[PDB]
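Only heavy atoms go into these numbers, but all of them, side chains included; no hydrogens, no water, no symmetry mates. Labels below follow one simple rule: chain letters A, B, ... track the order of the sequence lines, proteins then strands, and each chain is numbered from 1.
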Amino acid sequence: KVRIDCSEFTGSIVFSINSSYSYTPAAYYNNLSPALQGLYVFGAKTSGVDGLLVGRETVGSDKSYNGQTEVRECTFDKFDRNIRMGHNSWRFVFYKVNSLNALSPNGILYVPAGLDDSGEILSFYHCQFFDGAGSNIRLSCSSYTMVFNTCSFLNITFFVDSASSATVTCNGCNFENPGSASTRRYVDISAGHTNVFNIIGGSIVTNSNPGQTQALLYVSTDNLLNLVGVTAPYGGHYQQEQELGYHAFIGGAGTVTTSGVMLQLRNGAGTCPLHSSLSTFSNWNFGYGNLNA
Amino acid sequence: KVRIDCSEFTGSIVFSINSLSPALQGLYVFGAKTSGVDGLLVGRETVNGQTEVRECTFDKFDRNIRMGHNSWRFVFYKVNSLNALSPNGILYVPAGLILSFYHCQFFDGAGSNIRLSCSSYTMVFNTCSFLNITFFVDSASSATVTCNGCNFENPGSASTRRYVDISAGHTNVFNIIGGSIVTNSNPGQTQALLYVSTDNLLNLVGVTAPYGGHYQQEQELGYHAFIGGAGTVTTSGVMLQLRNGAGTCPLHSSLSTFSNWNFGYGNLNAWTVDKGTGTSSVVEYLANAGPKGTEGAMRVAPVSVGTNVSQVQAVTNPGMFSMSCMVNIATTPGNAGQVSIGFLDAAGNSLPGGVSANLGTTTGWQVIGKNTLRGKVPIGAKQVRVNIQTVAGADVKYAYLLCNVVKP
Amino acid sequence: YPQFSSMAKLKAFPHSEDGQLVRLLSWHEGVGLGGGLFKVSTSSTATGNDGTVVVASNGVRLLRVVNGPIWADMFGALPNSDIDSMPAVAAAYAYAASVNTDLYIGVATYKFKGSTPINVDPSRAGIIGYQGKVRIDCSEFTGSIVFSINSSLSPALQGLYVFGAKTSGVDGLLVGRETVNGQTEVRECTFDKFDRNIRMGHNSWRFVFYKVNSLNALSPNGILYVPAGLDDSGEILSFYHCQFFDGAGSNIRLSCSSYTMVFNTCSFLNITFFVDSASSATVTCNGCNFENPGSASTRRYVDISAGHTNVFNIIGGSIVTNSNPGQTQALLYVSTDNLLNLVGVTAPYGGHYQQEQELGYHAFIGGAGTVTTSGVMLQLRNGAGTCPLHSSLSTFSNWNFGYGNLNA
Amino acid sequence: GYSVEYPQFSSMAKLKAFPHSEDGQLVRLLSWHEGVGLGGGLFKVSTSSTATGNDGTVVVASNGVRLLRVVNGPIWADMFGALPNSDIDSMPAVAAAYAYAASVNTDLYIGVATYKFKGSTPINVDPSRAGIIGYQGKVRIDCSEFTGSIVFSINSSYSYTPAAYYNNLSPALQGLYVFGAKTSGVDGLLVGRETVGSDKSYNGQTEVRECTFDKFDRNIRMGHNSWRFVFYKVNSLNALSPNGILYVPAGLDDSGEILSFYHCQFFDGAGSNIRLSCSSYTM
C-alpha cells in the first residue's frame, strides 16, 4: 500500500531497472528479491514522462544481466508510456502489474524495435492492461517472445508490427471492450513475417456497440494467429463485411489455425466463420478467375 | 541478496524439505562442486499439502536440486539452478518415486543437465528458460513434461548438445507450447537438437521452428530434418521460417507427407514412375545404397528422354510446408533434373504456390530443397504432388524424400 | 561563450557577427558528445559537412575550432544508439581523407543503415579503431557492400568487428572495384554474417590481411570469394594468421585464373576451400591447420574441382580429422590436370575413415589429379591403422587393373 | 587574466576533497598527482550516479558525489595515478586501470617510462576485452621484486562468442620490455590458464607483439587453451629454467593449433632452452 504521486515529476523516466553486472553475481541475485513491489505509481499525463523503463535507454559497453528480475503488485498510471522496454529487456517477470490511462498511443506497454540483447520470455502474470482513450500495447521489436498468463486486455488494441519472429502467447487471458463503443481491434498483427500470436483458453467478450465495422482480430500476410480452446463470440452488431467484403470474424491475409475452438451455435443473433484461411471449399471467393471446382 | 557459502559442507545434502509460507525464500546457496554434496532435496531419501520454494539460487553442487519421495505438491517460483557437477546436476527426478516451475532458469551447466527418470511423473514449466543444457527424459513409462512459454537456447555456446532428448521408455510425452526455440550459429549442428525415441511423443504447439545455415543434422539422421528418433511428433499452430535466407527444413519422419518416403518398403511402391518414350530408361530400387548405406534408395538413369517419378497425397489449408531430399548425382550432361511440389484442388486443377528445386551438376550426396521446397499451402488446395524429374543421360540416386506439412 | 545545445539549434540561429566564438554543447541534444567551439565566418564559402564546416540556415558558415583529433561524433555519429551512424562516419571519413589523416573510431557499437557504401581510399586515409573492440552493426544495411577499398601507409581498415544479418545481396568487404602500384593492409578485423564476407574485385594494389576473421556467411562462397575475370588484379593476395571458420555452409572459392594466394599460419575450420579456376591458379598454405572442430563434419577440406594447371600447396602445419559416424568421402580432392603438393605435414588417420564409399578403395585423397609428397609423415603407430594417400602415388603398376589385363 | 574556462583542480586529492554540488558541471583535473602534468582531463559532476569509484574514470568525492571522466580514446594508466620512473609499485595502478579498460572493452595504454612491478598478484589479460599497449613500444617493466607465480597471464573469459569476434581486434600485450631477476618460481608470461576450466577458453587470434621477456624462471610458458596465439617480434632471453626460453609442458587441454611466431628472437647461452613436450601440438 505505497502510493507514489509523480504528477509534478518532469524527468524522462521515473524508474529504470537495469543490472550493473554482465554476468555474476546477477545470475545469482536478480531472482532473490523483487526489483519493485507494492507501488502504485501515477503521473499527470505529462508529455515526455514515462513510468517504468525495463532495461536501459542506450546500449552499454557490456551486456546487462537482467534475467529473473521481477516487478510485482505495482500499478503504473497516467504516464506518457507507462512501461517501456529498453535494451537488455530479457526474462523480466511482471506479477499483478497494472498499466492504465497512458498518454501515448503505445502507452500501455511499448516494445520499440531495435533493442539489443532483448526478447527472451518477457512474462506477465495476472496483469491488467486498460484504457479506452487511445493508448494501446505495441510490440515492434524483432525476435521478441512474450507470455501473458491470466491477463486482461480491456479497451485496448494489442499491436504487433515487428519485422520478424515475434511470438506472443496468451494463456487464459480475457479480451474485452467493457463500457466502450469503440470499434478498435483486439489483436492487430499488422506487419512483418514469421510473427505468431497464440490465444490459448481464456475468453473473448464482445459487448454491443453501434456496429463492429471491422474485424476484431487481424493477421497480416506471412504471420500466424492460433486459436486454442477458446469460444468464438458472436453479436448482432457484427458488421465486419464493411472491411472484408464478407461476414467473418478475422481479417488479414495471414494464416489462422483452430484447435478446440467452439462457436456460439446457440446465439440468437447468429454465428459467423472465423477466417478465409479456414475455408472448407475451394474457389470460395471465385479467386480462380473462373467457376472451376 | 542472502549468500549461503556451502563450499566446505561435506554432507549428502544441504537442505531437505519434508513435513503457508514458502519453505525457502531469498537465498543464494552455492557449493564448490564437491562430489557427493547435493544442494536441495525435495522430499526424503527413503519412502497432502502444498508447499513452495521461491526466489532462490542453487549453484555449484553435485546435484543442485533433486526430487525424493514426498506426497506434498511443490511449486517453484523464480528459482535458478546452474553450474552443477553431476551430468544430471541442474535438476534430477530419479526413478522410483504435479511438480510445477514458474519463471525458473536452468542454465550454464558446463556439463550438468536436467534428467527426468521417474515413471508416471508429471512436470510443468511456465515461462522457464533452458540455456546451454540438455533436458533428458528416460523414464520407463508415462512421464509427462509440459513447457508453456519457455525458451530453449544455446546463448554464446559452440556446443552441439541436444536441447530435448527423450531417449527411452514408452508413453512419455513432452509438450512445447508457445515460447521460443533459438539456435545461435555454431561450428555446425551435426545432430538433431530434439530427439524422441520409440513409443514416445513430442508435441509442438504455437511455436516457431527455427532454421540456421549451420544445420547439419543429416550427419546423424542421414537426411536433413530438425527432430530425430523413431518416436512420434505432432504439430498444431507451428510456424516455419519460410523467409529465412538460409532455408527451411522438415521437422520429423513421423510427419512425412508422402508414403515410402525413405524407400523402407523395400521397393518403389506408392511412387508413380513415368519413363515416357524412354522404355530403355532404368528406374530401380537399390538396397543399402542411401547415405548411411543401411537404407533404400531409388536410382534413375534415363535414356534419350527424361523420367518423372511422382506421388500425390491429400492436404488442405491452412498449412505450411518444407521438404528436403538426399540426392547423389553420379553423372549428368547438365542440370540433372528438378524436384517440384505442386498443389491441386479436388477437381485436379493446378493451383498457385508451386515450388521447384534444380538438382545441378555437383556429384556426391547432397541436400536439396532448403530454400526452394517450402511455402504456404494455397487456399482451396486438396492435393499435394511431388515430382522428381531426371534428365536423359543423367544417373542419380534419390533417398529420404521428406516433406512436412505442419498442421494438425 | 554563447551556447547552443544541439547542431539543430546552432544551424537555426541567425549568426551575423564575423569571428564570434560560440560553443556547441553536443551534436545531438542532451548526449554531450561531438561538441566544441565554433568560429563564425561571414566570408567563408566552404562546403558544409555538419562536422568541421557548419552552414547555418542563413548561409553563414561556422568553422569548428579543433583542439585535437577528428572523431565521428563531431559529424553526428551516435555511439551505442539505434540511430544510423553511417552518414556521419562517411562524412567524417571524407574529411579525414581530404586532409590525408586516418579516421579514428572510438570503442562502442555503431549502427550502419541505408544502402550507401563507404569507399576507403587507402592512399589518403584508413578507418582505425582507437582502440579496442569496436562493433559496426550492419544488420539493417541494404546496400550491395558495406565497405570497398579502392584508390582508382596505414591500414585501410583496422580494429573493427563488422557484422550483418545474412541478408541476401549484402556483402561485407569488397577489395577493389566491381568493374575494371600501391600496397595496403587490412588488419585486426572480423567480418561476420554477410552474404559474402570478403570479395575480391578489380585492383592493382597488393593486399595483405593480418589477423582477420571471416565466419558465418550466407553465400556458399561467403567466407572469401575470388571470382573469375580479375585480369587486372595481378598481385599476390597474402593472408597472415587469419581465421576462416564456422561458415554455416559458406566456404572459400578461388575461381580466378592466373591468380596466386598465400596463407601463413591460417586456420580453415568447418569450411571447404574450393578452387575451380579455368587455369593456372596457385594457393600456398604454409603452417596452416585444416580441421573440422566441434562439428566433426564430413565435408571436404580442399576441393580443386575444375580447370587445369591449378596448384595447391600445403606446407607444414596440420590436418586434423575429428571422429564422426563415417568419413564416407575424401577430405582432399584434386581433379584432372591439377596438382596438390604436400610438404612436411602429417597425414591423419581415424577409424571412422570410410572413403571407399566414394572412391571404391581406402585412400585419403580423391580425384584424377596429381598428388606429390615431400617429407610427409604417416601415423604408422596409430592403432586404428594407416591408409595410402592417392592413386597417383601408387608404388606398383597396374595397381587397379586398369590395363584391362594382368600385366606387370 | 585570472579567469578560467572550467573550474580547475591541481590534483586528484583536491578534486576528491572539494564538495562538488552542481550536477552536470564540467571540471578540469590538471594532473592526477600535483604538478606532474599527467593523468588530467575533464570530469562531469554527477549527483545521481551510483557507479563504483576507481580513482581513475569514476571518482567518488568525499561527500559521495561522483565525477565521471570524459574519455576520448583508450584508457591510460596515468589516469589511475601511475607515475613514470618511480620506486613505488606501479602494478596496483596498472591492474586497476586494466580492470576498468577490460570492463568497457577498451585497450589500456601506458606512457613511455620504466615501471616497477612488486607484490605477488598477477595481471590476467582477457584478450576478448582489452590489451595492454606500451606507448611507442618503449615501456619497461621492472619485475625484479615480483614474487608471484606469473607476472602476466592471457586467457579469454568466453568459450566461444564474442571471443571469436574480438580476440583479433587488438593485441593482448604490445610494446613491453618485461624483466625479472631469475628468482625461482616466478614466470614471465603464461599463455592460457594454469588449470583446466569447466568450459574451454576461446583464445584463438590473440597476439603478443613487440615485447621482450627476460630473466624469469620460465619466460614464456604455455598453459591450457593455448591455441592460435601469434607472437610478432617477441624476444625471450636469459631464463633460469633449462626450459626457460619457451616451455610447452605435456598434458595441455584444448591446445596446440598453430602457435605462430614471427620475427622472434630466442637467445640465452646460460642453460635455458626451448622444450616442446605436449602431444598433438603444432608450432
Engaged part of [X] at the chain C interface, taking heavy atoms whose separation is under 4.5 Å:
X      : answer
B:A246 : both
B:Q216 : side chain
B:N186 : backbone

* Side chain, backbone, both or neither: which part of C:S168 has a non-hydrogen atom closer than 4.5 Å to chain B? ->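 Neither; nothing under 4.5 Å.
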Can you tell me which of [options] forms the most heavy-atom pairs within a distance under 4.5 Å of chain C?
options                : value
B:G245, B:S185, B:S159 : B:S185
B:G188, B:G213, B:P187 : B:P187
B:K292, B:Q219, B:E220 : B:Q219

Using a 4.5 angstrom heavy-atom cutoff, name the option from C:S250, C:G294, C:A296 with the most pairs to chain B.
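Maximum pair count with chain B is reached by C:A296.
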If only side-chain N and O atoms count, and only distance matters, is there a donor-acceptor pair under 3.5 Å linking C:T265 with C:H241?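 C:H241 vs C:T265: donor-acceptor pair found between side chains.
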On a heavy-atom basis, which atom in C:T167 and which in C:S139 lie closest, and how many Å separate them?
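For C:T167 versus C:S139, the nearest heavy atoms are OG1-O, 4.3 Å.
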Subject >> pair C:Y333-C:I304: side-chain heavy atoms closer than 4.5 Å >> reply: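 SC-SC contact between C:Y333 and C:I304 ruled out.
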Does the ring centre of C:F273 sit less than 6.0 Å away from the ring centre of C:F312?
->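 So the answer is yes for these two rings.
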Could you check whether any side-chain N or O of B:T134 sits under 3.5 Å from a backbone N or O of B:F136, counting only pairs where one atom can act as donor and the other as acceptor?
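Checked: no pair found.
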> Which of parallel (below 30°), tilted (30 to 60°) and perpendicular (above 60°) describes B:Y163 and B:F152?
Replying inline: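 Ring orientation of B:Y163 relative to B:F152: parallel.
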